[PDB]
Amino acid sequence: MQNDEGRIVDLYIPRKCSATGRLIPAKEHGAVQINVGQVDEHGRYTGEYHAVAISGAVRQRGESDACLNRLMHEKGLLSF
Amino acid sequence: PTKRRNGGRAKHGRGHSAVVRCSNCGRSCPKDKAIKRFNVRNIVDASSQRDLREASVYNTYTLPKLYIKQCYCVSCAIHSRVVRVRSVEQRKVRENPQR
Amino acid sequence: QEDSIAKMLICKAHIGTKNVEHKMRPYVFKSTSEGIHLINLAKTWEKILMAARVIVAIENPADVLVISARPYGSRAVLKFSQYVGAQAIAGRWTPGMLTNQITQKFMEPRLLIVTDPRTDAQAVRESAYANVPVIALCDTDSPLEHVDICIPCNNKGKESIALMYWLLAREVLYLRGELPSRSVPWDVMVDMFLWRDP
Amino acid sequence: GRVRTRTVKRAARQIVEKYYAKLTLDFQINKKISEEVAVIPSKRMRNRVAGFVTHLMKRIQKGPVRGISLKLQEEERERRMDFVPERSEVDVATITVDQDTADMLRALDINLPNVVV
Amino acid sequence: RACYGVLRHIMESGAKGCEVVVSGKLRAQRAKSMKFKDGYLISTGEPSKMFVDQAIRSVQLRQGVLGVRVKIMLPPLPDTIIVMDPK
Amino acid sequence: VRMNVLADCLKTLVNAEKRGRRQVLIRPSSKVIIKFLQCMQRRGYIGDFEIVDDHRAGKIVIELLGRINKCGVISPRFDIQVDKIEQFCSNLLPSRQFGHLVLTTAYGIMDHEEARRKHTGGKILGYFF
Amino acid sequence: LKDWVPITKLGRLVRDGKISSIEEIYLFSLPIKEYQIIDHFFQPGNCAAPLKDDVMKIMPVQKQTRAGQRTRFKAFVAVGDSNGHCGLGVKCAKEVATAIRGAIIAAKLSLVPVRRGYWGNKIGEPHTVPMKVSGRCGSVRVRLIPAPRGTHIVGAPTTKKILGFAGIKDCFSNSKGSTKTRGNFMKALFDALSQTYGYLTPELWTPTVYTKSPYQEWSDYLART
RNA sequence: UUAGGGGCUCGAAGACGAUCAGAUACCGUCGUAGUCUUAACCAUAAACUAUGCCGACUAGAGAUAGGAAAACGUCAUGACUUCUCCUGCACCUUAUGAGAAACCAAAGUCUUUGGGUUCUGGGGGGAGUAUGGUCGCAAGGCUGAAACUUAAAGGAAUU
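Chains as they are written, first to last, in the working numbering: chain F, 3 to 82; chain B, 29 to 127; chain W, 1452 to 1649; chain S, 2 to 118; chain U, 12 to 98; chain E, 101 to 229; chain Z, 2 to 226.
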């Protein structure tokens, strides 16, 4: 949301749910943000991670986990 | 408003069911909506039947049971306390009490 | 590696119920005669490797909960609270933990873990008021609604619950760096996680 | 009836938590004991709480009682919690599989020592 | 505004609880008794007469007389039992 | 029975959009739909799509993103006169800034933004935003 | 007045002054449970500007029980600071002033940010509902439409106030259904404005950054009591 | 209802006997038309799923009726078990889908408003009345007003 020349007007940007790509509003208290930690060789290790967020619209279906598998198959660390 | 989704008659894809007369009232109700208790029972109670086991001819005898199918009117049932009446939540259950 | 999959046979963790949910169906395979369904034991252990990496990457481990209504969880969960330094509840949950600030058992966790989402559904309902991601040990019966990250096992067997909470604690510890090498299996036995009759 | 209110319950229940030592199953020492440890204003109330203290001590004698912190059981509950045998698994090498359960690993791979009963 | 100010002083002073009733007509021709209460206040028994203190006055206005009650619970009760810790 | 082919497919699309599917198949497919989907695809509202060549009307399978709030159809296909493209989208579209009317014209199927600068109206077909 | 003892993770962080402003809370979608959190951000003079509260309506409600009737008063209160922040709250109580206290507390707790747009050309601070946004509550449909600058607000007097407390300068209101029930009408108007951020434009097609939460970055403070 | 058959039982009318202040009713005992059938009429019922008819897409589980395919399946062309497919009457669970709510896989996909089409409604009475028309052997059916009247009728839930 720009105007005239630069200056991103408005306050903040709503997070976009990974599973549906649909924006999470202010008062969705059923929203989630997972952190999943990486590992080095013979790890061990955390602190570097893949963040991922999903809305309460997706969760109350029961389709949270099936989509969250897809979002960490493409990263590498599952093999479904 | 609909007090029952069913309507209490339990009829689907007919347009016309069979009819039965109530065993007490007299009333023509539909067979589906009748409310029926098939009362099997032996003839001489339980306490009184030992007289027949004492008195009788033959070494043992099975006292043969009386088989009747009662059919009721709703109004005859609720008066006679076969069904009485239930809450809005507990209405929906269709199982057997006294299996 | 192979040995966790070998131990899952001794658990009877591959066994589940007659009825199977639509969501839980992918894990189950080759339903047996008698109408009992079997779980892919690769797909169980791959999701403990998932679920360990979620629990690690939390700074304070006390912000994790572990919950169980059923009494087979009670000795299991209270040993889990030692090694991963987490809060723990057993028995009756008392709703308005996560809502209701005034109540003196007001806990505001980041992550939440459950045995069965069927038996303590009231915990899993309350997670959706406070932005708390769940983890669950699912059976083929149990629902996935407000459940992130299933770990599909036998829930009802008293052996089988322990031998998940053994593998998580062990899995979490290696990630944590608590265990220096993977030549040793572990110091502590399985049988600290169990349940006894008296 | 002689049902006791929560003010009568709480006081008698709190005594056996912490002052469990001392008082015996006997009543007439407990009537005296209750008064000294804690304030009780009236004479009728001191018997009614002390009767319920001896009722709890009988129930503690009979079995383990719910709702009492005492912690003696915990000290002794933790000794049950502490104990462990040799092992309930890796026992012994081969595991009693079935027709269906063995054919998981034949499809899935992972080689192991197995049985087919 | 007046009755809260009187109720605030006795609560600040270190009374355990209180109430203040005002009967009689008020913004109306029919009578309508307003009631104000904060902190617990027993009504019954011999422990009423000691541990409460209670008072009543008249007060006279253009349209009629108002009532005014006050009742104030004070700080060895019958009901409460304070049990010691042994160490 | 089945009068508008385009009208069925956009309801099929917008349902399985709101449910939140990765990809959907539609049927029976046509020359109009691929051209209607092509002018969504320029503006960046859906990804790729295949069109299986079964020996029949055919099935169109689209990859899609979480981007279309809605697409619809205006039966009857009204005529509009370049003056009156501005009057329609004031009524129809959610704002003046974003969204598209889309309308068949003798220089091909196109958006109302393209129909203004080519300077030719035609029959209105549908919309999306 | 007064030094409240913060309860919960959010309460502790705000008093210390670790979280900067409420857009950080609204991003990660965290429930604000005490009103003392939101009292902190809107400080007098400092706030620019302080939150303003107006009492929309007072309605007497009666329950017929046994002998006599008991009447309680239900107080609708909207509250907002012009510049995109608005709220809507209700409470009932036996006296009138005791309802309005708790109504203002509930209004602050249900405080929602409102994005705002330009109607065509886009120069010099936004002034409108950015698209045609509907809201419903209980057979009251309300539809807010962008208007050109200087249009002002077109709508019911009730409509002017709670769009006024958002900061929306220009509108065209429509209103189907029974607008007589002001309890439903305010909720319908309010839940329209709540959905403004929820609606996805081509301006927000770019994939998100994912910053750390305020729960994450100030975890080590929340270890100690 | 009309004209022939048949007429057991039940039974609008009618008859007495009870009950009651009265009781032309409930209850009881008789009992003609009718009930049944061939040949014409009549054309309405809470004729109800009080939800028009085709079409697309939305969500699962277990039953069930009909047909079809598979299994070294179990017992003797068929019965049963396990599994999939369409086509039926439904049922349970749930919804960031809808609704005023009751409730609803349709009453969903509708202010983010347009797949095709038939019929009907516009506060409550007056009134389904009056008059005219037309169908009917009649009973009545279909079509169908006004003067005057009135601030509420009506729906779903709560105490």
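Every residue gets a Cβ at the ideal spot worked out from N, C-alpha and C, and that includes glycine.
Quickly, what does DSSP pair residue i with across the bridge? List them, please.
{"i": "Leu85(U)", "result": "Paired residues: none, contrary to the question."}
{"i": "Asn115(S)", "result": "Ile96(S)"}
{"i": "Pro58(B)", "result": "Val47(B)"}
{"i": "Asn37(F)", "result": "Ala53(F)"}
{"i": "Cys1601(W)", "result": "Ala1587(W)"}
{"i": "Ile154(Z)", "result": "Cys172(Z)"}
{"i": "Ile174(E)", "result": "None; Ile174(E) has no bridge partner."}
Name the residue from the options whose alpha carbon lies nearest to the alpha carbon of residue i.
{"i": "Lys60(U)", "options": "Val31(U), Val94(U), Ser24(U) and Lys82(U)", "result": "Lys82(U)"}
{"i": "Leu1595(W)", "options": "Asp1567(W), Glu1629(W) and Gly1608(W)", "result": "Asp1567(W)"}
{"i": "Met1640(W)", "options": "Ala103(S), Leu71(S) and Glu90(S)", "result": "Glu90(S)"}
{"i": "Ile101(Z)", "options": "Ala79(Z), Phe29(Z) and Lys170(Z)", "result": "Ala79(Z)"}
{"i": "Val152(E)", "options": "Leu106(E), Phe188(E), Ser129(E) and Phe136(E)", "result": "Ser129(E)"}
{"i": "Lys1494(W)", "options": "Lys1607(W), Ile1506(W), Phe1644(W) and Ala1464(W)", "result": "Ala1464(W)"}
{"i": "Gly1608(W)", "options": "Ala1457(W), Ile1466(W), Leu1549(W) and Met1558(W)", "result": "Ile1466(W)"}
{"i": "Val54(F)", "options": "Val38(F), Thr48(F) and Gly64(F)", "result": "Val38(F)"}
{"i": "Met1615(W)", "options": "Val1635(W), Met1643(W), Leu1489(W) and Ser1632(W)", "result": "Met1643(W)"}
{"i": "residue 259(Z)", "options": "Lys188(Z), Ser174(Z), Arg225(Z) and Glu204(Z)", "result": "This structure does not reach residue 259(Z), given that chain Z is present from 2 up to 226, and the question cannot be answered."}
{"i": "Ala26(U)", "options": "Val17(U), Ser34(U) and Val32(U)", "result": "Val17(U)"}
{"i": "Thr1570(W)", "options": "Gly1542(W), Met1548(W) and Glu1559(W)", "result": "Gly1542(W)"}
{"i": "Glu1453(W)", "options": "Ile111(S), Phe53(S) and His56(S)", "result": "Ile111(S)"}
{"i": "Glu30(U)", "options": "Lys48(U), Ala13(U) and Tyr15(U)", "result": "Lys48(U)"}
{"i": "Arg88(S)", "options": "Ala1513(W), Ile1461(W), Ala1620(W) and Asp1648(W)", "result": "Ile1461(W)"}
{"i": "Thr95(S)", "options": "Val117(S), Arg5(S) and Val17(S)", "result": "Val117(S)"}
For a quick check, are the C-beta atoms of residue i and residue j less than 8 Å apart?
{"i": "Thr1591(W)", "j": "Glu1472(W)", "result": "yes"}
{"i": "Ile56(F)", "j": "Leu70(F)", "result": "yes"}
{"i": "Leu1618(W)", "j": "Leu1624(W)", "result": "no"}
{"i": "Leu110(Z)", "j": "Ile33(Z)", "result": "yes"}
{"i": "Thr8(S)", "j": "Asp90(U)", "result": "yes"}
{"i": "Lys1481(W)", "j": "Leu1492(W)", "result": "no"}
{"i": "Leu201(Z)", "j": "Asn169(E)", "result": "yes"}
Is DSSP giving residue i helix, strand or coil here?
{"i": "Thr1495(W)", "result": "helix"}
{"i": "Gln123(E)", "result": "strand"}
{"i": "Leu25(F)", "result": "strand"}
{"i": "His20(U)", "result": "helix"}
{"i": "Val94(U)", "result": "strand"}
{"i": "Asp1514(W)", "result": "helix"}
{"i": "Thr112(E)", "result": "helix"}
{"i": "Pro147(Z)", "result": "coil"}
{"i": "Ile1553(W)", "result": "coil"}
{"i": "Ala22(S)", "result": "coil"}
{"i": "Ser140(Z)", "result": "coil"}
{"i": "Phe66(B)", "result": "strand"}
{"i": "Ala26(U)", "result": "coil"}
{"i": "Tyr47(F)", "result": "coil"}
{"i": "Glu76(F)", "result": "coil"}
{"i": "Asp55(Z)", "result": "strand"}
{"i": "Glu163(E)", "result": "strand"}
{"i": "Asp183(E)", "result": "coil"}
Sorry if obvious, but does the Cβ on residue i come closer than 7 Å to a heavy atom of the ligand MG?
{"i": "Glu1497(W)", "result": "As far as ligands go, the structure on display features none, and thus does not contain the ligand MG."}
For this session: Could you name the residues of the stretch 27 to 42 of chain S whose beta carbon sits closer than 7 Å to any beta carbon of chain U, in the order they occur along the chain?
Result: Those residues of the stretch 27 to 42 of chain S that come within reach of chain U (Cβ to Cβ, closer than 7 Å) are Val38, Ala39, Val40, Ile41 and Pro42.
Exercise. Closer than 9 Å, Cβ to any Cβ of chain F: which residues of the stretch 115 to 132 of chain Z, in chain order?
Worked result: Of all residues in the stretch 115 to 132 of chain Z, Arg116, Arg117, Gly118, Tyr119, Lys123, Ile124, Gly125, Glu126, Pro127 and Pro131 have a Cβ within less than 9 Å of some Cβ in chain F.
For this session: Could you list the residues in the stretch 53 to 67 of chain F with a C-beta less than 9 Å from some C-beta on chain W, going in chain order?
Result: Within the stretch 53 to 67 of chain F, the residues whose Cβ lies closer than 9 Å to any Cβ of chain W are, in chain order, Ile56, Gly58, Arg61, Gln62, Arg63, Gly64, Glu65, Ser66 and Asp67.
For this session: Residues of the stretch 48 to 68 of chain S with a CB closer than 9 Å to any CB of chain W: list them in chain order, please.
Result: Answer set for the stretch 48 to 68 of chain S: empty.
Problem set entry | Interfacial residues, the stretch 16 to 46 of chain Z to chain W, with Cβ spacing under 9 Å | Sequence-ordered contacts of the stretch 16 to 46 of chain Z with chain W read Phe29, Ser30, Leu31, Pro32, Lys34 and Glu35 [C-beta pairs closer than 9 Å].
Exercise. What residues in the stretch 199 to 217 of chain Z bring their beta carbon closer than 9 Å to a beta carbon of chain E?
Worked result: Against chain E - using a Cβ distance shorter than 9 Å - the residues of the stretch 199 to 217 of chain Z are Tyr200, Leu201, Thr202, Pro203, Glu204 and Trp206.
Problem set entry | Contacting positions in the stretch 7 to 26 of chain S - beta carbon closer than 8 Å to chain U | Per Cβ criterion, the list reads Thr8, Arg11, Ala12, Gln15, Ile16, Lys19 and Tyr20.
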